[PDB]
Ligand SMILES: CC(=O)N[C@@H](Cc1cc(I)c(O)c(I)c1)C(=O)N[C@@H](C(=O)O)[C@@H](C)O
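For reference, the chain that follows is the form deposited without the ligand, supplied as structure tokens.
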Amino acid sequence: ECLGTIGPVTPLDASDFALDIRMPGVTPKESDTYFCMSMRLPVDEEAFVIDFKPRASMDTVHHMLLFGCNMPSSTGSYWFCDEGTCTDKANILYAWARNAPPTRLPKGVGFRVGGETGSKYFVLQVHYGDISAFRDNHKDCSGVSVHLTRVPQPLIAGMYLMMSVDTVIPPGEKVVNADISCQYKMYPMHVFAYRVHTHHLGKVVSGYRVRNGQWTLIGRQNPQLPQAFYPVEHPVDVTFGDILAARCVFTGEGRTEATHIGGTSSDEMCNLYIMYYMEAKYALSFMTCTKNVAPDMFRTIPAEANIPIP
């Protein structure tokens, strides 16, 4: 699968091209190795990401994530993602998970990149699980083919990130809730996909839109299942005056010391990635909620938010 003499850029037609984002023939020496690499966009003008095709080794790649950003964490050929993904904010565009197949972008929908305000780089994370296939000492070029176009898209994809920052999980503690909430104050977004992220202590993650005190399910997932972007059961609009609300349920069981929010496996995260589309003339590409503005509101959270997925 390694790119040879033809390189990473395929002409599709007048205004479209495929960009292949692949590891430069890497060979992991340990299990659960996270490798990152970057690619500058080959065009300066604004472009739209309208499709993704995975190029994974079905024998060694556990997951892949693709981000857009302006400042990749390294200037090197490739690095361990422990160093970081991007030094500015990494905008997730795509997740590929083993045993949980991705869902296509709706037609007419694209991420805006490049230009004056869009991402100038793609960063690709590859999670290598079982490295028993690397007994060959073979070079791996797993990654993702992205379909770019110059043609403006009627609908712009973006990300609403809900994330905990203050969470403290005391050791042995049966149940710890991490609650996130913000008022929505932009033009309408329609949620079409969601991804959940915790580390090993996470039991369930749920996101809701609350309007006039009524809770509407965006997504609810066990974070110990493959962390792909999952389609929303039914399209959900989030509109001015709505509150977005999310809860991660953790346990402290099995830990001798307290667990707080951080980047390592002995730390936790409570992340819910809400992938939306917006009308192009109304669109903004990213929003983040790191707060809990209506904590008392969580008294009426559906009971399913506290119950593990069977």
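In this text, residue numbers run from 1 along the sequence as written. C-alpha atoms forming the largest set that superposes within 1.5 Å between two forms make up the rigid core.
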| property | result |
| --- | --- |
| Core-aligned Cα RMS comparison in 6 other deposited structures of this protein - stretch that moves more, 39 to 47 or 247 to 255 | 247 to 255 |
| Core-aligned Cα RMS comparison in 6 other deposited structures of this protein - stretch that moves more, 204 to 212 or 118 to 126 | 204 to 212 |
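Missing here is the form deposited with the ligand bound; even so, the following discussion is about that form.
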{"item": "The unique member of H234, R150, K139, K185 whose heavy atoms fall within 4.5 Å of the ligand in the deposited bound form", "value": "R150"}
{"item": "The single option of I218, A90, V109, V204 touching the ligand in the deposited bound form, heavy atom within 4.5 Å", "value": "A90"}
{"item": "Contact stretch among 158 to 166, 116 to 124, 71 to 79, 131 to 139 - heavy atom within 4.5 Å of the ligand in the deposited bound form", "value": "158 to 166"}
{"item": "4.5 Å heavy atom contact with the ligand in the deposited bound form for all of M39, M64 and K291", "value": "no"}
{"item": "Any non-hydrogen atom of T259 within 4.5 angstroms of the ligand in the deposited bound form", "value": "no"}
{"item": "The ligand contact at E45 in the deposited bound form, heavy atom, 4.5 Å", "value": "yes"}
{"item": "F35 within 4.5 Å of the ligand in the deposited bound form, heavy atoms", "value": "no"}
{"item": "Interface membership of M269, the ligand in the deposited bound form, 4.5 Å heavy atom rule", "value": "yes"}
{"item": "Contacts with the ligand in the deposited bound form, stretch 293 to 309 (heavy atom within 4.5 Å)", "value": "none"}
